[PDB]
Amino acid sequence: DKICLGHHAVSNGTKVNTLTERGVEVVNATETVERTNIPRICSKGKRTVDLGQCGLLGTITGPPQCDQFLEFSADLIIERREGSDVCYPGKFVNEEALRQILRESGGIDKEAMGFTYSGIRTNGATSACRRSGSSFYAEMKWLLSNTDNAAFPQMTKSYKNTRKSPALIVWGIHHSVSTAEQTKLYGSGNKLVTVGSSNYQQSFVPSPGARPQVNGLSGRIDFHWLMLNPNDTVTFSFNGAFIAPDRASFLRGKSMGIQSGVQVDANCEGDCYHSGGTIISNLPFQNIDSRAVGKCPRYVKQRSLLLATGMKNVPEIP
């Protein structure tokens, strides 16, 4: 008569690593590193906007591409590679800092700044901003002299933020293809634009000159921005080459922005994104994308790290 103590075992053993051994067989194991990607943006539960051809910074200035998004609202914001912030060729100064701000803004609320003009044209337009016909940035006014080569009057415009949130203010400096063109638009002489706040002081001079044709145009409009504190005032002093704002922007609340090249899905629910889709996993680590954002498992180099969920496998003596 005999009684033996034993433990189970299999022929289906899987190898893992320990402090000592490499490839020690255990009875059962599970993966800790996620590699399974969902090639969609799972947006269920999240108010989602697909900017498409609209560049994120364009939502503030308003090229034709962004007409739908001038006061957009979102929990999840998606930039696309085809997106463009611009109709008339140019770029923002400190663009990326501004993008990062808008990605978590929750969208924007626009409000008129109430600038009035006299002895001056405001209908500056271009073929590059076609909206039915030639037009311009929807939130901006392209100011000219009045006739041609005529002198541009020195002007001063101010705006106080009477709200409880900071106001996003944007203006543009126009760089003509030639001093001849600058003169034709704003008159002769040097041109100066000053922007004053109570925590901000900057200055701007235009730079006329030949540049490569972009959208058929060799002129550039570069945009500038500041955040205006509550009850603070911005003042604009200028005498030409100034792209004035018509409305200011106010951040709605909270959101998250991503850059992606895959479709959206409002059926799937997710919380960790990358340009290739959504990572839904309870696993502590992932090997899909290091730049993934949201609430994510930590990115690792290894594609697989097996965690033993069973004892060491010891084959039965046959």
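Residue positions are given as counts along the sequence shown, with the first one as 1.
- In this crystal structure, the stretch out of 92 to 100 and 141 to 149 whose C-alpha atoms carry the higher mean B factor is 141 to 149.
- Comparing the deposited coordinates for 260 to 268 and 47 to 55, the stretch with the larger average C-alpha B-factor is 260 to 268.
- Within the selection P166, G240, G172, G209, the deposited Cα B-factor values reach their highest point at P166.
- The deposited CA B-factor of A244 belongs to the lowest third of values across its chain.
- Ranked by Cα temperature factor within the chain, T278 sits in the middle third according to the deposited record.
- Among all modelled residues in this chain, the alpha-carbon of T14 has a temperature factor (C-alpha) in the middle third.
- In the PDB entry, a CA B factor belonging to the lowest third of its chain's modelled residues is recorded for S176.
- Sort the modelled residues of the chain by CA B factor and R22 lands in the highest third.
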